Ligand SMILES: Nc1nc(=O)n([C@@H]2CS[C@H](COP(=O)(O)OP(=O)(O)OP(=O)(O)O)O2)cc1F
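What follows is one chain in structure tokens, specifically the form solved without the ligand.
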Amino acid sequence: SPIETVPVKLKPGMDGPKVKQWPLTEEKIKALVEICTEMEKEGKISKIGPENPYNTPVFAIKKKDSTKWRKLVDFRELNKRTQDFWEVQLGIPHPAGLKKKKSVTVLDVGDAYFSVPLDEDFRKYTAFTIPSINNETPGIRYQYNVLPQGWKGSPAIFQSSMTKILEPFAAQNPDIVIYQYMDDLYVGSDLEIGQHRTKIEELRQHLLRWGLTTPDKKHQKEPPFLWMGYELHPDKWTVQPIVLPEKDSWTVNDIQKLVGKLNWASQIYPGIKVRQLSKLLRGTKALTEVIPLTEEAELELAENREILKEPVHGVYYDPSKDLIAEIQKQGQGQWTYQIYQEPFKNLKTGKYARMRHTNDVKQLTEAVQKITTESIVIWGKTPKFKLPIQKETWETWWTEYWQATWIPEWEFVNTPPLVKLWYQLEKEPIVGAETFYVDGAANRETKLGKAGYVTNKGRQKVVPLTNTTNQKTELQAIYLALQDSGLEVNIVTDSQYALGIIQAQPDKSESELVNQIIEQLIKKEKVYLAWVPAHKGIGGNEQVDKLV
């Protein structure tokens, strides 16, 4: 087309591909020349002389088993030498971000890449050859004049050509919206249907003068649109139907393919859980080791099939209405959220899961962060937050937390479960309370350990432990001091690890020991933890390290 070419270079210090044109079967050698005369006639290729020292393999295969054969060129050896281009669009638009339009039209341009010229000085590095039967004659040389299929620069060069070709039309039509994507155009507008259809036909004539085909008789698609695994309806959107396979034997591969569909459906179907099903894949290396569905896992998968029973939909974005996001805690480091502008229709939904034994408030903050990032990408603004946490509860946490934490506009939502601080240590030691001097120790080789304590009133204990580390005994010592003390106790440990886990104020952990310590801390009334350097002869502690 009369489109202006884009100048292309080879990677610095390289030369064109000189590959081996391996001989091909007879019936194919005919089918190829039958295309290269119809493609040469249409100007997409051009026979060349001997001066061209480069070449690229050429193959042939059937069209899904049909009439017309198809040509195929393996440019993998040329793509390795062409310069990098601007990366084409990574992500795709989310339907929840789109705005309702009176009409939408989908235009698929066929032959996209072949309708766009290729920079002149760069056409020799696309030369190829057709094999003479039994090497009887010299090879029929050739070379492309347009963007070849499967070339490093084709998608990016086509995109910027389309964008330029739309500029003269988008200027004379500031009322219609065109989004691009690969070979597709998506035209929206608030024009009455009679108008809309004339604009589309005149957009086609525009693109047709630039040498780009488009559907005419009846636009290839009609609403709803099945696009990129979505169902786009004139006034709602939803994911294409999900199919959870009924199987009595799963494989590590099929759990990935199932957790995928579940995450996918989670963007509009509220309540989907994947913690138990992805808990299976933690220890994965091999792909086919059949996995038992854990009893817990099976429940989740049953509860998901219950949510997927009836379909649900999401609305489109209205820039004139506030943007609201609400968060609910599922249970075990599992959070769920819906983003909406109206009470009975969500823009979209989603879930946050915490990996890496944190507490509820910090998890909530991380969730608000995940949602804020997504909002920006989709709608360009941050939503207001309805959060299940008391304002006083949160002011207490971020005030004493060691990290800086941003809290955007939010108001309390009295919907259980609630987020609260289950316990708080004392900032200064307690009076009239016993003082336990705990300590612990184990053996890395044998894995035999012991924990104990020594109080000021003279009380002492020591317990033997098997199958522990010099770390789990440090927490076992504090647990002992909590079981054998009153409702107010001062504890003194010589372990920054234990002091770190406890000062982190967790409400759940991936270890059963810490859960029992949290249970005790809840039952207590005042607990002051304190730290002192080990093996320094301080006092009170020097006598407990000797016991253990």
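The numbering used is simple: start at 1 and walk along the sequence shown.
Separately, the form solved in complex with the ligand exists; it is not shown, and the next lines address it.
> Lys457, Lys309, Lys285, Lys218: which sits within 4.5 Å of the ligand in the entry with it bound by any heavy atom?
In short, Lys218.
> Please identify the residue among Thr405, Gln205, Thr294, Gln149 with any heavy atom within 4.5 Å of the ligand in the entry with it bound.
Partner contact (heavy atom, 4.5 Å) among the options: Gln149.
> Can you work out whether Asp119 and the ligand are in contact in the entry with it bound, taking contact to mean some heavy atom pair no more than 4.5 Å apart?
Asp119: no, not in contact with the ligand in the entry with it bound.
> Counting only non-hydrogen atoms and a 4.5 angstroms cut-off, does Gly110 reach the ligand in the entry with it bound?
Contact with the ligand, yes.
> Looking in the entry with it bound, any heavy atom of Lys41 within 4.5 Å of the ligand?
Contact check for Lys41: no, nothing within 4.5 Å of the ligand in the entry with it bound.
> May I ask you to state whether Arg70 is within 4.5 Å of the ligand in the entry with it bound, using heavy atom distances?
Because a heavy atom of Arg70 falls inside 4.5 Å of the ligand in the entry with it bound, the answer is yes.
> In the entry with it bound, which of the stretches 285-293, 298-306, 102-110, 119-127 has residues with heavy atoms within 4.5 Å of the ligand?
Only one stretch passes the 4.5 Å heavy-atom test: 102-110.
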